[PDB]
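Residue numbering for the sequence shown is 1 to 185, 193 to 262, 270 to 353, as defined by full-length UniProt numbering. Here the structure comes first, spelled out in structure tokens, and everything after it is commentary.
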Amino acid sequence: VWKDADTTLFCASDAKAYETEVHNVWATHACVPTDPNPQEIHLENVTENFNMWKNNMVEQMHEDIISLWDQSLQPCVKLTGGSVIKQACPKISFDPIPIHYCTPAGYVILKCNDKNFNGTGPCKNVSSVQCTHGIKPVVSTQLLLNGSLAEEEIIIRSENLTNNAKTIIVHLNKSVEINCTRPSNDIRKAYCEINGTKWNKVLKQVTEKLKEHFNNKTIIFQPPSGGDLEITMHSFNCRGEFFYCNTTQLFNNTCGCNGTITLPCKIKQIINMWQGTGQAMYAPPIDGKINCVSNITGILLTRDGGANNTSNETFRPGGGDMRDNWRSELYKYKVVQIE
Ligand SMILES: N=C(N)NCCC[C@H](N)C(=O)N1CCN(C(=O)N2CCC[C@H](C(=O)Nc3ccc(Cl)c(F)c3)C2)CC1
Ligand SMILES: *[C@@H]1O[C@H](CO)[C@@H](O)[C@H](O)[C@H]1NC(C)=O
Ligand SMILES: *[C@@H]1O[C@H](CO)[C@@H](O)[C@H](O)[C@H]1NC(C)=O
Ligand SMILES: *[C@@H]1O[C@H](CO)[C@@H](O)[C@H](O)[C@H]1NC(C)=O
Ligand SMILES: *[C@@H]1O[C@H](CO)[C@@H](O)[C@H](O)[C@H]1NC(C)=O
Ligand SMILES: *[C@@H]1O[C@H](CO)[C@@H](O)[C@H](O)[C@H]1NC(C)=O
Ligand SMILES: *[C@@H]1O[C@H](CO)[C@@H](O)[C@H](O)[C@H]1NC(C)=O
Ligand SMILES: *[C@@H]1O[C@H](CO)[C@@H](O)[C@H](O)[C@H]1NC(C)=O
Ligand SMILES: *[C@@H]1O[C@H](CO)[C@@H](O)[C@H](O)[C@H]1NC(C)=O
Ligand SMILES: *[C@@H]1O[C@H](CO)[C@@H](O)[C@H](O)[C@H]1NC(C)=O
Numbered sequence: 001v002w003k004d005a006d007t008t009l010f011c012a013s014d015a016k017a018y019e020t021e022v023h024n025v026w027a028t029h030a031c032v033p034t035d036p037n038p039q040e041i042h043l044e045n046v047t048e049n050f051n052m053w054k055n056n057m058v059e060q061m062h063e064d065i066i067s068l069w070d071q072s073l074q075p076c077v078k079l080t081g082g083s084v085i086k087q088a089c090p091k092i093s094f095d096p097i098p099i100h101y102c103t104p105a106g107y108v109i110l111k112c113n114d115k116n117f118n119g120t121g122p123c124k125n126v127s128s129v130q131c132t133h134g135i136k137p138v139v140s141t142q143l144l145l146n147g148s149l150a151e152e153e154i155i156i157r158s159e160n161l162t163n164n165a166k167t168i169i170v171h172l173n174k175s176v177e178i179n180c181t182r183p184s185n193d194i195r196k197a198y199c200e201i202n203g204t205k206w207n208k209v210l211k212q213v214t215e216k217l218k219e220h221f222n223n224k225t226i227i228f229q230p231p232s233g234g235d236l237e238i239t240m241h242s243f244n245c246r247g248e249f250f251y252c253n254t255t256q257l258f259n260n261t262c270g271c272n273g274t275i276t277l278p279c280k281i282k283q284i285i286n287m288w289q290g291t292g293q294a295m296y297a298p299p300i301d302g303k304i305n306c307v308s309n310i311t312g313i314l315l316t317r318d319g320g321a322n323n324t325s326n327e328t329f330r331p332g333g334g335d336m337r338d339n340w341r342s343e344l345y346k347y348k349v350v351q352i353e
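Here it is in structure tokens:
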């Protein structure tokens, strides 16, 4: 017997107590070892409601990653609130590791194992777990990287699809590689290579999934209509360096177009931080070939408003609220109290 409750979670990780990589160092002192003997408990014939868009776990992971980056990804200068601060900003080792979220005694985590679960409402195949699986805290905009994949079809997630202000999380069932490189020896110029055959296939499937939700209306993709570079570009951290990649070549409805898509990128030093209002300034990039090969496993989308008297729905890549990133992996969990 249980009821919906919120409590203070703890984390578990396979961090190596030697590694200087920042998530390992943080997980070494802020998390416990992962359960070596985990065993979920099926809740035979239990139907339970979930809400990924209203889930305290997401906020608790958000505070962790805020704490993690604050302890690890230190800018030389922060302009937080007008009170500029010039501190140490050594170049670090940065490569996200899986974090597990675990309940204390007297609570458990209910896990939705419905393969088509969209994030909100009833789940019919519920199990109980002590900890989540290992979630990589990958910070990004527009494209969700290195996540899990949807088990069956492409899943559309939104608190309310009808509300255009509510962000859409596309959970892909097939990952699309994105290979980003700042070549060795304009030291901020970089590029991400994406196989255009794969991407346009997956994007076409996304259009067709979106059609099912929008009355078979014409689905149009467009670049973001204004905003900061972090969200108008596909932003992410690669080996400590902030990459900003132009995805206009991705979010065109063009598709003699199917070779390698090369996105122009810039490594940016002055960041509009995702943690909270503030610009952070980092050092110029490290030397050498800076390369991150990531799986695109999700897309963050915002649907244009004022199209109800038209035949089209236009979608633009979104992001900025990293809670939606954690939400994209935490969606099948929810904390309950042992009543
Ligand atoms: N109880 C509640 N429900 N509270 C609501 C929470 C809102 C949240 N606390 C908040 O204040 N917030 C500050 C304003 N925020 C912003 O203004 N922006 C606009 C500028 C860019 C930012 C970007 O995404 N930066 C970025 C940087 C590096 C990388 Cl690698 C990357 F992928 C992305 C996003 C964020 C949330
Ligand atoms: C429920 O999920 C389990 C994994 O926990 C898996 O065997 C299958 O997808 C589902 N099985 C039943 C009997 O519902
Ligand atoms: C998710 O599924 C539930 C089923 O109860 C439904 O009410 C809700 O509208 C669905 N959301 C989306 C975005 O499809
Ligand atoms: C990338 O995707 C492949 C298959 O889609 C998967 O086997 C691999 O584990 C993924 N890599 C990472 C780092 O998640
Ligand atoms: C992914 O989902 C789409 C529907 O959204 C489906 O047509 C396609 O076959 C799926 N691919 C895989 C590998 O499951
Ligand atoms: C979904 O959003 C629309 C648009 O504002 C709103 O009219 C509707 O009431 C919302 N649905 C729910 C369940 O809140
Ligand atoms: C990534 O791109 C670089 C530069 O084009 C290339 O040398 C490397 O082989 C690529 N790696 C993968 C896994 O595609
Ligand atoms: C691009 O993707 C298609 C389909 O997945 C594949 O057949 C092709 O080999 C890929 N191209 C390259 C250059 O890897
Ligand atoms: C991305 O590139 C396109 C085409 O070159 C350009 O029109 C657009 O302004 C670029 N995006 C940004 C945010 O500058
Ligand atoms: C995604 O995972 C791969 C393999 O672990 C890693 O090389 C890459 O840097 C990761 N990408 C990001 C953005 O963390």
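Beta carbons are placed, not taken as given, at the ideal position from N, Cα and C, and that holds for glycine.
Around the beta carbon of residue 45, fewer than 16 other beta carbons lie within 10 angstroms, which makes this residue exposed. For residue 12 and residue 137, the gap between their C-alpha atoms comes out near 13 Å.
By the neighbour-count criterion, in which a residue is buried when 16 or more other Cβ atoms sit within 10 angstroms of its Cβ, residue 101 is buried. Listed as beta-bridge partners of residue 142 by DSSP are no residues whatsoever. The C-alpha of residue 320 is placed about 17 Å away from the C-alpha of residue 217. Rounded to whole angstroms, residue 83 and residue 276 show a C-alpha spacing of 39 Å.
Counting along the chain, the unbroken beta strand (DSSP E) around residue 242 starts and ends at 241-245.
When the Cα atoms are used, residue 18 and residue 28 turn out to be separated by approximately 9 Å.
Annotation for residue 286: 235, 237, 293 place their beta carbon closer than 7 Å to its own, counting only its chain and skipping 5 residues before and after. Short of 7 Å from the beta carbon of residue 26, and not among the five residues preceding or following it, lie these beta carbons of its own chain, in chain order: 68, 71, 72. For residue 170, the enclosing beta strand (DSSP E) stretches over residues 168-182. At a threshold of 8 Å, residue 205 does not count as near ligand 4, since its beta carbon sits no closer than that to any of the ligand's heavy atoms. Annotation for residue 66: the continuous alpha helix (DSSP H) segment containing it runs 56-72. Checking the 8 Å criterion, the Cβ of residue 316 is out of range of every heavy atom belonging to ligand 8.
Within a 10 Å sphere around the beta-carbon of residue 15 sit 16 or more other beta-carbons, which makes this residue buried. With a 10 Å radius around the Cβ and a threshold of 16 neighbouring Cβ atoms, residue 211 comes out exposed.
Nearest neighbour of residue 156 by Cα position, chosen from 176, 227, 207, 118, turns out to be 118. When the five nearest sequence neighbours on each side are left out, the beta carbons in the same chain lying within less than 7 Å of the beta carbon of residue 309 are those of 145, 146, 175, 177, in order along the chain. Relative to ligand 5, the beta carbon of residue 289 is positioned no closer than 8 Å to any heavy atom. Taking C-beta separations shorter than 6 Å and ignoring five residues to either side along the sequence, the partners of residue 151 in its chain run 115, following chain order. For residue 162, the closest of 20, 331, 3, 316 by C-alpha to C-alpha distance is 316.
Residue 237 has its Cβ no nearer than 8 Å to any heavy atom of ligand 7. According to DSSP, residue pairing for residue 100 in a beta bridge involves 12. Ranking 339, 226, 134 by CA distance to the CA of residue 311 puts 339 first. For residue 282, the enclosing beta strand (DSSP E) has its first and last residue at 274-282. Residue 80 and residue 290 have their C-alpha atoms roughly 9 Å apart. DSSP lists 326 as the beta-bridge partner residues of residue 225.
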